[PDB]
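Report on the following structure.
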Amino acid sequence: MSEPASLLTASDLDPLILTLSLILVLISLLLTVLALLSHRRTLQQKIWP
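Counted from 1, the sequence shown has number 4 at position 4 by PDB author numbering; the numbering is strictly sequential.
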């Protein structure tokens, strides 16, 4: 590689918080997508019901 093996050996700076974060991140993202589709679906119906 080109970076110090320390950057990887230190990938454990905080896995506990990262895990909880990744979860909320992935979840929050999914929630947004759903809300987006739901809104788009409603508009379509309201446009041509």
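Just so it is clear, CB atoms sit at the ideal spot from N, CA and C, and this is done for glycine as well.
If you draw a straight line from the C-alpha of residue i to the C-alpha of residue j, how long is it?
| i | j | result |
| --- | --- | --- |
| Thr19 | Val25 | 10 Å |
| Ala5 | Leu13 | 14 Å |
| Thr42 | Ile23 | 29 Å |
| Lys46 | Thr9 | 55 Å |
For residue i, which of helix, strand or coil comes out of DSSP?
| i | result |
| --- | --- |
| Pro4 | coil |
| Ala10 | coil |
| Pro15 | helix |
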